[PDB]
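Provided herewith is a single structure, encoded as structure tokens, for subsequent inquiry.
Every chain is named by a letter (A, B, C, D, E, F, G and H) in the order it is written, and numbering of its residues begins at 1.
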Amino acid sequence: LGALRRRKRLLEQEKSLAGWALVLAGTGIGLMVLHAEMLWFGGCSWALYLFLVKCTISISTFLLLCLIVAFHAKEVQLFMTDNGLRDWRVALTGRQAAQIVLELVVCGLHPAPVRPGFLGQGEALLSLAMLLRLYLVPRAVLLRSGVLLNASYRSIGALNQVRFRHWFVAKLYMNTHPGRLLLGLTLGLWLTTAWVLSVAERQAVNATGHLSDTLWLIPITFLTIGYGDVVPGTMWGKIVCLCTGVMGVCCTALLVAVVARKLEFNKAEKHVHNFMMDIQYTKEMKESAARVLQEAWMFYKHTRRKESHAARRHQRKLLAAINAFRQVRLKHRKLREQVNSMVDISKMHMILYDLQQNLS
Amino acid sequence: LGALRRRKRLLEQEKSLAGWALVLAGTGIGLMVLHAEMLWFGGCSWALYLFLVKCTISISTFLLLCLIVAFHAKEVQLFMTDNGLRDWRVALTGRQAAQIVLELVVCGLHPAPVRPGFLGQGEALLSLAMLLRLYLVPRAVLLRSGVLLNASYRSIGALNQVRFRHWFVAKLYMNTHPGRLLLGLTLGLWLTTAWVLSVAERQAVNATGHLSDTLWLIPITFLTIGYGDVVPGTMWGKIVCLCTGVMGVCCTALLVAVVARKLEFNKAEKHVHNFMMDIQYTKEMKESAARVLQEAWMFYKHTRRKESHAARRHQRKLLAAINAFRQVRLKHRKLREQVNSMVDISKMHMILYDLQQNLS
Amino acid sequence: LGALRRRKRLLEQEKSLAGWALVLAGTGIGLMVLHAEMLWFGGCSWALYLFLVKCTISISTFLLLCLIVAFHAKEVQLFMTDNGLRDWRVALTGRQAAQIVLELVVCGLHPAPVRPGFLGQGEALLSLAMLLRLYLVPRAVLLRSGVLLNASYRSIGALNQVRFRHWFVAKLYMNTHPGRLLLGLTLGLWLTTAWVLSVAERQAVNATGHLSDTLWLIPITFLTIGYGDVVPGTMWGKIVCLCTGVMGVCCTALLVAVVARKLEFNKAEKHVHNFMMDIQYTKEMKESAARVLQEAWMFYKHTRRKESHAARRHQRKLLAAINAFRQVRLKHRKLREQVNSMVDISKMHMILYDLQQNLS
Amino acid sequence: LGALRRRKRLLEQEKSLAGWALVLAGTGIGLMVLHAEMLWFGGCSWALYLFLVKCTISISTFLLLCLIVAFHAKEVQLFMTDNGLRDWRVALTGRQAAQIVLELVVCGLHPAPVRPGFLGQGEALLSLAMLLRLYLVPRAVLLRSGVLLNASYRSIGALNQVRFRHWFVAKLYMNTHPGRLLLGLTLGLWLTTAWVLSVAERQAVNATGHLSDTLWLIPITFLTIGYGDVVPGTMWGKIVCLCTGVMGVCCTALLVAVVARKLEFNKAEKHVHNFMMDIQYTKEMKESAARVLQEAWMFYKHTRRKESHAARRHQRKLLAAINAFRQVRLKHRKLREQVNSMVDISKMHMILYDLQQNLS
Amino acid sequence: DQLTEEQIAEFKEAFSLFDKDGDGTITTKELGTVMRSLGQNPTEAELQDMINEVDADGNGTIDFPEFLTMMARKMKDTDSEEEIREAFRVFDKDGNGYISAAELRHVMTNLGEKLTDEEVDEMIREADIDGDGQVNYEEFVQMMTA
Amino acid sequence: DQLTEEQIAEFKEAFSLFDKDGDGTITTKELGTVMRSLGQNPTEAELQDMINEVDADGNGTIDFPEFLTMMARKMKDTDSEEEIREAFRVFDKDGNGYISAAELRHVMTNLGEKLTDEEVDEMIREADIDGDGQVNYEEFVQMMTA
Amino acid sequence: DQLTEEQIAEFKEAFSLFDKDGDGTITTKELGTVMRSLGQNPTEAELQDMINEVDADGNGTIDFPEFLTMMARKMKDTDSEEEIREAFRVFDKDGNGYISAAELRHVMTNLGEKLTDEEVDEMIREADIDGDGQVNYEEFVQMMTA
Amino acid sequence: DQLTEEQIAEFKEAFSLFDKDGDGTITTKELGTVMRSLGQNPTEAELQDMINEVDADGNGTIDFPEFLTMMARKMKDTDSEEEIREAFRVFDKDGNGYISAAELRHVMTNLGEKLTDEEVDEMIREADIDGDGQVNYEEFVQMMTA
């Protein structure tokens, strides 16, 4: 028991440190976006603010550097707890520490401070290097969701051997809120991606690659339209203008099924609609068959009267009524065949009841 | 009973007032479209007509202002009737009155009259503000359809607890007329959307943003082609040229399944086609097997004759006949396996008959 | 019986006259295409040939005018035969004769002859008016297919009440040759549509709208690419550049399912693949479990030797082997659950056999 | 038996010669790609290297010429072995030798050596003629996979009559690794196709058709974007810019289903999620029903107090609680109906157990 | 008869598709086997009823000359016989084998357009040429073929 | 009554959809036939229980005047009667036909927001107007309609 | 025998996939278990018939030396033995175990291209080397391997 | 015990999800009801076997203190107990409850990498601390936890 209360304590610590880490990552993104705004719209006479922002981003990513260490050290401590280790060198596995040091390098990425009013070369890509830390988001999605923490879930999942993982929580949030996930994805892409492309290309003299051009360029590449009014010039802009259309194909292809799911009836609604169409078509067959006799006796009346042109007019409408009646009867028979096929699994369970009554 | 005949009276009143409201909304749309035509093609010497049209639109939306009040007041009166209220302040719920006052504001939108021959700034968007009243259409679709009124529907739906709503009537008209709904959507978009974009952008000197440019621009953005011969210049044109491609993806993605549905056979047709292919392939196996013996006895004839080149010619065709016969036999066996799998649920219901005969 | 042998005689006459009509329609198309070639590449010094070609097209469509009359008169004679009429005025129904006279007008369309080396106005659209006669093709597809003629089909279809029609023959040729139909559609479009657009737009001085421009323009609009290197100038070119992208969406959307159908296994193949993966994973579990003991006894050997660094190296690989073994066991259990679910309908029919053995 | 050990010997020889052939084909591709690099970037002063490379490609394809002969001769020897032939003229079938000589011609294709620093006419297409030998890849995929060699497969397949072929091995590698196949296709296209288009078009003076233009052109045509910044000028470039969009539609249409497959739950997971939502909604019904009584007794308290404004405030919230409770109850009933429908095939197999217990 | 030999031959295999055993005739069980093979499950009573629909000699077994008369109605498009017959079957709400004047007033007066009962009385009077007081099926068939 | 003749007529066919035989009434087996035709399988006990839900005279058979009162609750949107009734059914965890004070303390004290038991005692005291020591369904219905 | 030891070993596990119990042989029930596991349901008679197809010693049980001869036909692509055998099975329309001259005239004269009966008589005369008046299966197999 | 009261409470409803009746314990039929509700069909023998997996007192019924020890193995990620146990179950090919040296030579010598039998003999000698001549499950568990 002693390693179990300790386990829950450490897991709560891990959730809290995932919260702080997500907050400090979003803060670093907010620093980089406004730094990129203020360098262009501020000019070269506000360099003191840029200096202080670069020091802020450096301390801001130093904190995330401490936090990832604190996270994965607790994860290792969990793993030692689950197996009763004491030698911490042993549990530090090769692929495990490889992923950890790789994450250290990937979140070691930052626009480091270097120093007639324009940029250097590397410090633009180093500014781009912030949004490569967006992988921490599903980690916080996992830990802030308490389904891993809630014990009854774990009990039933251990009974059915289903292994709660990231793929489980993803399908959980997907099939509990099918609209919200797709909306939060597409609406998160549609503008932010274009801001990133504005970082990727900048012209100094003409100002022909900033926000108001890429914010129109990237939804057009996303929706696979491709006018040609704005075109990326550098190669790094060309890469983003491939990834944009990739994500657009992805969002289109996920949206189409979300549209298609809500269209069909409920299983219960189908019986109701079919039963209503039954009593509609029954009365309609009575209607058409009445039109048959109504025209038939009129043609026979003008036959007994030997009215030539009246019979010539009537018998055409007679045959037309016959043609209508045949199609109505065929629709009724098709729907009745659907009924006898809509009582396939229904009559199966009915004779499952009658099979308990055959066991009785 | 007394609140029930009253209920049907009030509901018929509501349907009639939904009819009048739809007529007066379409009339306001007709006023705005021809006002937008006559301001461009009339010039600046027909200002008396524009003045009278603006007064007409003002009274025309004043009437819709009275009508929405008359509608939702009766809806409230229904809601009080269903629960036996008397204090009308109580039933006026917060989200309810919020939706009502929001609808008052949204249908409070109109090109208000302001006054060397060209436009002002706000009165173009205020002219655009009319087509934001298109939400009243499914309301009239609901009420003019008498399925809410017809009682037998309500009886069966209360038996199966299915709750007649907008989602019900939508699926009703969708799966009773699958072609007509999709046609009436796409053919309603394909030209009207482009007229709206012509409102959104206007050039005075060159005349390079009017109807004959957007009527070509918007079906091209709709079909995700994107030539680039005409490109929107303002930002408000850029928004419409996003929404257009969105709706185009929607109509394409709904059209593809409508195409795919009508392609497969009926359940009855499948048995017929399979039974015909059975007696075809039986005769064809008799054909191929006859070719086998026919070549076999000829090769054996030239064998007894010791005709060397004739045997060398014949035995190749013999093996070719064998190769053909094997593939024919495999197709016949695959189709017979399909038959024994096409008598899966068929033999299920046959032994449901034999299971009533096992209960007998 | 007498109206039945007569029926088959008249139907054979109808098939032959559908053959002649298809031949004479394709000949008129061949006349118009080469006339459109020779007017551009011939100039204004070969007018005698153009005169004789226009007289040829006039007689060529006069023959089709006689042929459609001969067709539908026999169809009327069939309809009178089926019901025993004698007064031919009666069977000439309103919608029926309406369709007939409409077809007379639609195939009354031809480039009529009118007369410093260039075209008039109407005679280009009148030349375009030929390819509006392509509706006669599924008629010949119907009649040259002998499935309407072959009696056993009609017998079984009358037993199952399925009504052999155009929708039947279409699904017949569709699901008997799924590749060939789609190939014959797309490969019939991809070049011929562009030839039609070259008719639709012509520039005299610059030669910038002829074949070598539209043959590149229309596959690009078809595949929804839309470069913008060539753009239609007239409005009639703009209509064709909408219809092209429509048909391209259609062919893409039909091609995607044709690709997707052939990918999944046969029902028989699935059992075979699963049974092979069973005996693979069984041996693989024996492999992983052997690795477990192999590392376990080595760690226990160095434990008895008290080799510190060897134990520190070994126990990591021990836990790694455990982690691999767990995933292998889970894959085996998932596949075995698939097996027990792959014996759902299989065990259903097995106990259908055992239910005949329960009836025995 | 003697023709069976011989069969396996010859088949192993065939696999080894398929390995050597794939190596020598990839080497010829590597020769042609670097020859195309060095002719442009080398100029006209390194002609000795180009001479030696052309001799290298000639000997390199001479070896493949010998290898295809050696392959198909062994295939013929297999076919004679399977039927006990001796006259090798007989087994050399017409379609068989036709395919062989056709393959001789297709792999007879090579940039043959011809000879102020620029190309001739035919030797560019003859350089293009190398990548028409890519059909040998699935042959090596077949033979290096030992599933044809492994006997137990062949035993079971002969039991179920399933005929191991190329379609089998394709579905094998497809449904054993669904991600890897699609990734290895698209990532093999996305750059190599553009290199081929750079071969197809070259401008000498301006350098406007080389690698850095087509490497941007072909992913844009592939993703159906079509900016128009680079456009093919020759007709042979126009053909490749059709095939590119074709393959892009293909990869998009295969990627969409690969995305859609992994989204739905396991069959086991569905029961778990539904059972968890059951005990969630049960407690939630207890919550809403508690809110009902909580507001009900407060309204009744202020009723006994005759507090007018408190009752007017309370009864609205009462009815709101009723409205919430109804929707919660409906969701619970819908999910319970899903449960009773999720025990359709489950209760089927349960009563299959009870039907063995009815046979007992 | 009037049928040509090739057409005789092609109807012979269609007849052979019913006489799967080559018994010289068509039986009930053979026909029900075909019905099951095409995916529909009648009863013996339904099979016997469709025999009674088609059995001219009254044997319960069908031969080729009956089969020609059978397919003579089916080879055409609109079985106007069947269309009148099943419309009559709609009319007999009680299953009497008759149309009474009460059934007639139930159908034609209210549903349709307001035909007067005295005109309906003259209709029933000209209709009952058998004088049955009501409409038979033979009276109905002769009536529609009048 | 107060209903107009056209509305009387349109409810008559809706009633006819229950009395499929025209027996003059609605029986159990007829209703179960409808239930099966709509894709749900009750027991005879469940059918009888829903009869006991609706049977005012106590016959086991339903007529048109009972049917009007029946549809009077169903024609409106929110059956506030049914919503109180099934919420009461949630409360009776023991199936006693009552709400005890122990069930009340199980529900309202812990779940909800902390209502004091002495106030709950005053609630139960004003609640048991029948003086049953607990809540009936009649006491519950009168209580919610107080 | 001529088979190499590695190949002997790899056929041994394939044989082990039939002898799932390690009985030293292959039985009927073991084989039917495999047939059911692969998704097809034969009868005991069908299993016994496929045993009679393959049983050389006549035991009803199969061992490894029989199994090698078994897989010798199956390891190749086209079982030309099986293709002649099942084509013969097509020919025996009566199930006699023979091809009569009447069956021969039913097949080859009308269907195919017009082979004359006197040439068919010479074919049947050279064919009946057993002198049975008709074709056996042994006569058919020797005939096709002539 | 060491568990905090909130955690005690949240495990109590998880225990309540097994004791659906509130019997004070967990029975076989209750557990099989849950198993069926989750879409899997064990036998009574399989249920009893999983009881024997978990029953510490030997009652056949489970209480909350046993349930805590139960979930103590399940709350963690990798049940290293279960992973050794089912790997042992793989080893006992005969179902003896033991690993013999013949089973050991069948597994480890050929499959794996060539461990010598004299080293395997020393392994079996250090292994049989019970001296059973073979490996038990208790010997196996103590062996892997050595």
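Here is the rule we go by: contacts are C-beta pairs under 8 Å (C-beta built on N, C-alpha and C of every residue); 3 or more make two chains touch, one makes a residue touch a chain.
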Shared touch partners for chain B + chain F come out as A, D
From the options C-E, A-E or D-F, the pair that copies B-F, where over half of the contact pairs coincide: C-E
Rounded to the nearest Å, the gap separating the Cα centres of chain C and chain F is 58
Chain centre separation in whole Å, for chain H relative to chain D (CA means): 43
I'd like the Å distance between the centres of chain E and chain F, where a centre is the mean of that chain's Cα atoms. 52
Per-residue overlap in chain F, given as positions that touch at least 2 other chains: 17, 38-40, 78, 80
Give me the residues of chain A that touch two or more other chains. 83, 152, 156, 160-161, 224-228, 266-268, 271-272, 275, 279, 348-349, 355, 358
Quick one: which chain pairs are touching? A-B, A-C, A-D, A-E, A-F, A-H, B-C, B-D, B-E, B-F, B-G, C-D, C-E, C-G, C-H, D-F, D-G, D-H
Residues of chain C touching chain H in their complex? 285-287, 289-294, 296-297, 300, 303-304, 322-323, 325-326, 329
In the complex of these two chains, what residues of chain H are touching chain A? 1-4, 7, 10-11, 13-14, 17, 34-35, 38-40, 68, 71-72, 74-78, 80
Which of the residues in chain E end up touching chain B in this complex? 17, 36-41
Contacts from chain H onto chain C in the complex sit at residues 78, 80, 83, 86-87, 90-91, 107-108, 111-113, 115, 123, 126, 143-144, 146
Taking the touch rule as given, give the residues of chain A at its contact with chain H in the complex, in rising order. 1-2, 4-5, 7-8, 82-83, 150-152, 154-156, 158-160
